[PDB]
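Just so we're on the same page: letters track the sequence lines, and every chain starts at 1.
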There are 2 protein chains.
Amino acid sequence: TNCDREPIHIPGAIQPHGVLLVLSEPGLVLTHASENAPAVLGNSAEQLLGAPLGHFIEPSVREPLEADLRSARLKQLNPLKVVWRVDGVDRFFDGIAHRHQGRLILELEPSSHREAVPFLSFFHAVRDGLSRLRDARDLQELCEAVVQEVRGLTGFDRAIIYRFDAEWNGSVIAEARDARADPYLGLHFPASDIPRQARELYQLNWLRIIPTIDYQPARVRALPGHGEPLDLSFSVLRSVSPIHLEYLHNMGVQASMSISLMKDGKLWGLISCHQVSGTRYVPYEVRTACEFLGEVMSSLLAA
Amino acid sequence: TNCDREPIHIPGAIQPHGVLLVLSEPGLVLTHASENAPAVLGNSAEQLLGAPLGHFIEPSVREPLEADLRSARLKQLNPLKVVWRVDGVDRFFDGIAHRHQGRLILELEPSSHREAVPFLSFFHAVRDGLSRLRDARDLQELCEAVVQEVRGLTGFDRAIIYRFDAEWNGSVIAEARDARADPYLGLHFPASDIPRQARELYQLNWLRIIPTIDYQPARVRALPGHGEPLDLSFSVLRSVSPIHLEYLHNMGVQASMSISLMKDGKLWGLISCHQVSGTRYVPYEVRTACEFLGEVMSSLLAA
Ligand SMILES: */C=C\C1=C(C)C(=O)N/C1=C\c1[nH]c(Cc2[nH]c(/C=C3\NC(=O)C(C=C)=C3C)c(C)c2CCC(=O)O)c(CCC(=O)O)c1C
Ligand SMILES: */C=C\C1=C(C)C(=O)N/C1=C\c1[nH]c(Cc2[nH]c(/C=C3\NC(=O)C(C=C)=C3C)c(C)c2CCC(=O)O)c(CCC(=O)O)c1C
């Protein structure tokens, strides 16, 4: 048994700082809604399950949202602009929608505290970041550039490159840190700290974020006949394995984010980030800029 | 003599669809203004020369603009938001500012016809583009990906990869085209079609755009004692060599854009684009996304 066996892709629950919905196609009837919807959205699961999405959307953004949701080109279209009209009182969300195993999953995170131009911060992050990565003259300089850039953009206490060896053991080959975070640079860890089914999932889904390791999972409720494990492999809000939360607690880490580094189709390593005290809800534009930099680094892993 | 000798970096004039200003430091007094300022800005050179920039800027965007102009971090801060208050009647511009040879040059192009979210189109362009470039499995697939993406983003009739050989002759090794543009794929051209001082300039300044080859150059006027050739090497609006305009006329090309491809610090090739009929004022976000893709391709020129 041991670590390789837990089915981390179907926990039945999400991290409660966003809301997860499942939408029928083509009608966009909600078949599933996470149970934190009252706190986040201002509606109960009973109001949600079996209602059409449009009923809750401010009418002027409604048709474009529905058009996007039916597009597949789906992302490419993320993030979706979601204005949730309840009281109302519009609430604003970035929607991240994806299709997996026959389900259309729409995840809602509250739109950033504004106020700077939308997507300007992404524009600058990836331009400045690309040119620092291109200054690197070898693999070690690349790693140190990436970790400095990611720590700069996010404000995480620690950011490392964690490289896998042939046996899937890993080592900390680059680190940028606040002084206040103990230095992990140079440490090697056994393969079971990132077990096989996690590594397999992380070859497909290149980003995970845990803005606080102390949260109450919000169960995903479903219409009768629906529900039945929801495959959450590509869902950003997926509740993470409790044994990993305990590992982070024991490391003394309150919040985490990691990004897969790919090479020739195979997981090569991770950019891994920790907040040592306090939480870390990384804004959408920052997270996405960091993933973009990880894709650039992955493409450069030919030098 | 021949082609290598013309001093293309100091033509004394600009392409008239934007305005070029030179600003003193730290006071931001205009020492130079291109003579098309009446058409573009609504002020004469006489009103401009020796006035402080702030006098013309809408007061609520004035302090941040001046702060940026004095920053160096200068870009990194481009584009600058420039609201020009004359009549007034605000007019809106993207400012591209740079320092070169001791001058602070501010170039003003009219802000795009709006209306979509600012920088959203850049966000999508570089994300979708990066993932198509990463699908390429060899140099030829890379070239064909780049040319398809750039043509898709811009709408140019033709987009090619033009690769330099050891003697600086070039060949068209990839092409995407409207059918209506003759195919240049496979053609080789002599080194003098892109002469030595152009190639040297294009190792430093990675983008040039000619939205119409038929334009009246707008001379750059200067305060007494100033003026004296303005080095326009890094200026986007720099008027281009008339012999090159004739070459484009003769190719049957009405508008052009090219991007340098760099490898190990040396010019490797160009992404070159043509509009065969009609003009092509590529919006700022599109141009900048194309340059970003050229930087990615340049970084990948290790495979
Ligand atoms: C057998 C069970 C497990 C033991 C024992 C253990 O130590 N982890 C077990 C299961 C497990 N881990 C993860 C995900 C995971 N683990 C890491 C490990 C590290 N983070 C670091 O910074 C370092 C070294 C400094 C190590 C080593 C990481 C980065 C991750 C990814 C998640 C994150 O970024 O925090 C999982 C999967 C958790 C999930 O996706 O649900 C499991 C089951
Ligand atoms: C000796 C004078 C010149 C002769 C003869 C000639 O043919 N060109 C001469 C000078 C010259 N060229 C350029 C810039 C330039 N030339 C090219 C050439 C090509 N564009 C194509 O698509 C192809 C093949 C299909 C060729 C070959 C290009 C791309 C450029 C860059 C400008 C642009 O993108 O249109 C200059 C410099 C012009 C300037 O920067 O002021 C000069 C002096």
Open item on the list: Using heavy-atom distances under 4.5 Å, tell me whether A:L77 contacts chain B through its side chain, its backbone, both, or neither.
Closed with: backbone

Task: Contact residues of residues 135-156 of chain B (partner chain A; heavy-atom separation under 4.5 angstrom) - done: none

TODO: Go through A:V296, A:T288, A:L133 and name the one with the most non-hydrogen pairs under 4.5 angstrom from chain B.
DONE: A:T288

TODO: Report, as yes or no, whether the 6.0 Å neighbourhood of atom CD on A:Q203 holds more than 12 heavy atoms from other residues, nucleotides or ligands.
DONE: yes

Task: Counterpart residues, ring-ring contact (aromatic ring centres under 6.0 Å, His included), relative to B:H17 (two or more places apart) - done: B:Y281

Task: Set of ring-ring contact (aromatic ring centres under 6.0 Å, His included) partners for A:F123, sequence neighbours left out - done: B:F119, B:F122

Task: Closest-packed option against chain A by number of heavy-atom pairs under 4.5 Å, given B:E291, B:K81, B:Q76, B:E285 - done: B:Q76

- [ ] Could you have a look at B:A302, B:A303, B:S299 and say which one has the most heavy-atom pairs with chain A under 4.5 angstrom?
- [x] B:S299

Task: chain A contact via B:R134 - which portion, at a heavy-atom distance below 4.5 Å - done: side chain

Task: Under 4.5 Å from any heavy atom of chain A - which part of B:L120 - done: both

TODO: Determine which pairs satisfy side chain to side chain donor-acceptor pair (under 3.5 Å) with at least one residue from residues 112-124 of chain B, sequence neighbours left out, and list them in order.
DONE: A:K75-B:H124

TODO: Over all heavy atoms of both residues, which pair between B:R127 and A:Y284 is shortest? Give the atoms and the distance, please.
DONE: NH2-OH, 4.2 Å

